[PDB]
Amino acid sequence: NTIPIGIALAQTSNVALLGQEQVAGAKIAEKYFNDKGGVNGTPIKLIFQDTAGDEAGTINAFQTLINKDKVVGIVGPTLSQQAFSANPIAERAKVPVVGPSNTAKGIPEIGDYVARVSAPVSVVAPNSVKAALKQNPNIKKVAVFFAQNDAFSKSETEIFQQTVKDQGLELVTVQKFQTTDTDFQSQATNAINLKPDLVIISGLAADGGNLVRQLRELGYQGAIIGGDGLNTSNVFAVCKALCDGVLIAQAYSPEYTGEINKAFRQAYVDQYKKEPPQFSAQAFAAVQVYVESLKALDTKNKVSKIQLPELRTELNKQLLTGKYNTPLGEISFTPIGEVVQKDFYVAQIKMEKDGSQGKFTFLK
C-alpha cells in the first residue's frame, strides 16, 4: 500500500525545457523521502501525468490525476499560464495543488486549495536589476522585452519595468514577442537603435535563448537580465557562447547549509555532475511539503482510515500550517497559500569560449 501524489508537469512540448528540471527534482524527492520510510512507514508513490504545453493539456492532466489516479494532492503545473486555467479545476474538486515554480501575481489567490513554494516575481526579479547596476553603475538606458502571450511573462515584466523606474533609469522601449517566436530581428534592432545599456527579457526558455543570441548577433554589447523563464541550462544550447554574462535571479542556492539541502545537493550533484538548479530544488520542496504534511496529519488522524475527499481536505488544511526546512531554506505559508521565504540570490551565466558548456555562477 502506498499514498498517491500527483505530479502534473510539462514532460512534452517546448515547455518541457523548463519541466525537465522539475521532474528531476520530484524523482529525487521520492527516493529521499521513501528511503526515510515515506509517511510513517507507508511509501508515497508519485504518479506523473504530462500536461504538455497548453491549458487543455493541464486540465486533462489534473482531471486524470484527480479522477483516475485518485491522488491525495497535486504538484504542478509548470507554467503560471497553465495554473490560471487548470488550478480552478482542483479548487472546485477540493484537491490541494502545490505549485513548484508558478511565480505570476495572483496564483495563491486562485483559491483555498492552491499554494506555491515558489516566491513570486515581485520578490525575486528586482534583485537582478540591482545586481546589474552593481556590475555596471553607469547603466542609464534600459530596453525591456516580454512574451505578451504568457501570463507569468506579463506579470514579471511589470515588476521589471517598475524596478527600472524606481532605480531612476530610463525605460527607452518595451518590445513584445510571442513565446512561440524564433525570430526577433525587428524588436532587437528597434531596441539596439536606442542604445540601451541594459536589456531585460521576460520569456520562456527557447524564445528567451533565441532572443539573447540574436541581440548579440546584431551587435548589442550591453548587460542582459533574463527572467525566471530563462532560468535553465537548457538555454545554453540555444544562445551557446552568446549566453555569457546573462544575469538571472534565483530563489535557491546550492550553497545553503540546511541539512536537507546538503543531502539534496549531494544526491543531485552525484547524479547530474552539476549543481542543482532552482527548478529541481523547488519541485523537491513541493513534494517535501506533501510528505511532511501527510506525516503530521497521519500522526493526528491515521490517513489509512480517512476517505479520500476528507483526506484531501485535511491534507490541504495541514500543509498550510506547516513549517518546512527545505532546500529553498526555511519556508511556510500565509493563510492563502503564498510562500514565506527569506533568502534570494542572483546568478550569472558563464559560458566556455567554445560555447558547448556553461554554468550558473552565483554572485556573492
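Heads up, when I say rigid core I mean the largest set of C-alphas that superpose within 1.5 Å between the two forms. Residue numbers run from 1 along the displayed sequence.
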Greatest C-alpha divergence in 6 other deposited structures of this protein once each structure is fitted on the rigid core, 297 to 305 or 58 to 66: 297 to 305
Which of 5 to 13 and 348 to 356 strays further in 6 other deposited structures of this protein - Cα RMS after rigid core alignment: 348 to 356
Given 168 to 176 and 200 to 208, the range whose Cα B-factors average higher in the PDB entry: 168 to 176
Stretch with the higher entry mean CA B-factor, where the candidates are 180 to 188 and 267 to 275: 267 to 275
Highest-ranked of 298, 55, 310, 338 once sorted by CA temperature factor in the record: 310
Candidate set 261, 232, 157, 87 [ranked by C-alpha B-factor, highest]: 261
Entry-reported Cα temperature factor of residue 43, expressed as the chain third it lands in: middle
Third assignment of residue 129 from its chain's C-alpha B-factors: middle
Lowest, middle or highest third - CA B-factor, residue 316: lowest
For residue 351, the third of its chain into which the C-alpha B factor falls: highest
Residue 7 - Cα temperature factor, lowest/middle/highest third of chain: lowest
